[PDB]
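The block underneath contains the structure these notes are about, expressed in structure tokens.
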Amino acid sequence: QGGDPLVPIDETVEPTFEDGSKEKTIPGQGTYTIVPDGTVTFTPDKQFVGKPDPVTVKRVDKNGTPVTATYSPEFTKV
């Protein structure tokens, strides 16, 4: 999940967020950034006590496993 070291993410497949988004910056929540090079930065913040914006990050690796991050109002003081 997130970014498997033993399973390099495939740079020719679709790395996106579930909504089809490319970056989601919410103040305090972090930034998830994908660039067309096929590389994505999953940068979450589990120190953000508040209300994160509901977004699911989804990129598939070489095998095709979607490494995801699911942010929702539950994932605050966790």
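We name chains A, B, ... following the order of the structure tokens; residues begin at 1 in each chain, and ligands are numbered from 1 as shown.
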Contacts of stretch 36-52 of chain A at 6 Å or less, counting only C-alpha atoms, minus same-chain residues fewer than 2 places along, as a list in words?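 These residues fall inside the cut-off: residues 11, 28, 29, 30, 31, 32, 33, 34, 72, 73, 76 and 77 of chain A.
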For residue A:9, work out the shell of residues within 8 Å, counting only C-alpha atoms and skipping chain neighbours fewer than 6 positions away, then give it as an MDAnalysis selection string. chainID A and resid 3 39 59:62
Can I get the selection written as a PDB file, in the first residue's frame, with N, CA, C and O atoms?
ATOM      1  N   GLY A   3       3.223   2.960  -1.289  1.00  0.00           N
ATOM      2  CA  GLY A   3       4.315   2.888  -2.233  1.00  0.00           C
ATOM      3  C   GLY A   3       5.200   1.695  -1.954  1.00  0.00           C
ATOM      4  O   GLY A   3       6.211   1.810  -1.261  1.00  0.00           O
ATOM      5  N   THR A  39       4.919   9.067 -11.845  1.00  0.00           N
ATOM      6  CA  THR A  39       5.349   9.050 -10.458  1.00  0.00           C
ATOM      7  C   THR A  39       4.405   9.889  -9.596  1.00  0.00           C
ATOM      8  O   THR A  39       3.957  10.965 -10.010  1.00  0.00           O
ATOM      9  N   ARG A  59      -3.196   4.670  -7.588  1.00  0.00           N
ATOM     10  CA  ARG A  59      -2.279   4.367  -8.681  1.00  0.00           C
ATOM     11  C   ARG A  59      -1.976   2.875  -8.666  1.00  0.00           C
ATOM     12  O   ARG A  59      -1.845   2.282  -7.594  1.00  0.00           O
ATOM     13  N   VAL A  60      -1.893   2.260  -9.832  1.00  0.00           N
ATOM     14  CA  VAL A  60      -1.627   0.826  -9.892  1.00  0.00           C
ATOM     15  C   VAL A  60      -0.154   0.555 -10.190  1.00  0.00           C
ATOM     16  O   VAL A  60       0.485   1.287 -10.946  1.00  0.00           O
ATOM     17  N   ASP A  61       0.386  -0.477  -9.554  1.00  0.00           N
ATOM     18  CA  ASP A  61       1.795  -0.827  -9.710  1.00  0.00           C
ATOM     19  C   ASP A  61       2.022  -1.714 -10.933  1.00  0.00           C
ATOM     20  O   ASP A  61       1.111  -1.907 -11.741  1.00  0.00           O
ATOM     21  N   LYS A  62       3.236  -2.250 -11.065  1.00  0.00           N
ATOM     22  CA  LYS A  62       3.582  -3.107 -12.198  1.00  0.00           C
ATOM     23  C   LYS A  62       2.659  -4.316 -12.297  1.00  0.00           C
ATOM     24  O   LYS A  62       2.302  -4.735 -13.397  1.00  0.00           O
TER      25      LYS A  62
END
Restricting the calculation to only C-alpha atoms, which member of A:69, A:64, A:78, A:57 is positioned closest to residue A:7? A:64
Check the DSSP output for the backbone and give back, as JSON, numbers by chain, the residues of chain A in strand (DSSP E). {"A": [15, 16, 17, 23, 24, 25, 26, 30, 31, 32, 33, 34, 35, 39, 40, 41, 42, 43, 44, 55, 56, 57, 58, 59, 60, 66, 67, 68, 69, 70, 71]}
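Straight-line separation from atom CA of residue A:27 to atom CA of residue A:10: 29.3 Å.
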